[PDB]
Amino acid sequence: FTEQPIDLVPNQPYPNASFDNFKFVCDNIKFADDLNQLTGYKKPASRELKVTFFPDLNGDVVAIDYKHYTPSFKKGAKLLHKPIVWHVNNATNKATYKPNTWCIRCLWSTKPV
């Protein structure tokens, strides 16, 4: 056994969405800056969303391997409530781009606006 991400469900950004000026932070700073490149984060960040790689879910965002992507996750996904982002070999490529743009808008704090 190697723990597969089993509790993946579709997620979707909310209509009337607002981009919170938040930043990604992660020990793989190359992965965080590639994700921050898709958000528009300007210094200083209002908050930091620590990104951890699955199965490590101690960060506010879990990074799932793109091998587990299904068309059901086209607008985003969440692994039991910690919003997710896709990665191939712990990095962003041209396959993860389009699904990750949706995953980033799922993080938009139009909730507490």
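Residue numbers here begin at 1 and follow the sequence given.
Look at the mean CA B-factor for 104 to 112 and for 2 to 10 in the entry; the higher one is 104 to 112. The question of which stretch, 56 to 64 or 41 to 49, has the higher mean Cα B factor is settled in favour of 41 to 49. The residue among 81, 75, 30, 87 whose C-alpha atom has the highest B-factor in the PDB entry is 81. Of the candidates 25, 17, 95, 91, the deposited coordinates give 17 the top C-alpha B factor.
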